[PDB]
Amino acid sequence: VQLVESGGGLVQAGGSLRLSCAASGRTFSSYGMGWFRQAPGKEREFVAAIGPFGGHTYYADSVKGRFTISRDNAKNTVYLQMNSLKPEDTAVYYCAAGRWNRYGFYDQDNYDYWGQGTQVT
């Protein structure tokens, strides 16, 4: 299994980035998929998640409305649409896969596979 993120880099305030996570090695349509972030020093925080079997979306209150998670099951990829980038969002963002269904999507411990992360500023 690999999860590979992309789409980060450098941007100033109020801008819009788009993150993507290509998942390789399972049929991840039956996995819940999630986005987390870790700003230097700051401990890793939950951003957004999307459940298996079509299913629902879930977001942190800090990024809610600004950010949007989506998934393409044919491409085995998950996305994160990030509008209105406040500078505190400067972190590495990681995608992750787990076998939760409708609960526990915020819990880092619930995820079995992690990407390398894409740096966002």
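Numbers for residues come from their place in the sequence shown, where the first is 1.
> Per the record, averaged over C-alpha atoms, which has the higher B-factor: 37 to 45 or 71 to 79?
So the stretch with the higher mean C-alpha B-factor is 37 to 45.
> Do the C-alpha atoms of 5 to 13 or of 93 to 101 have the higher average B factor in the entry?
Between 93 to 101 and 5 to 13, it is 5 to 13.
> Can you tell me whether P87 has a C-alpha B-factor in the lowest, middle or highest third compared with the other modelled residues of the same chain?
Tercile = highest for this residue's CA B-factor.
> Lowest, middle or highest third: which one holds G55 when the chain's residues are ordered by CA B-factor from the entry?
Middle third - that is where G55 ends up once the chain's C-alpha B-factors are sorted.
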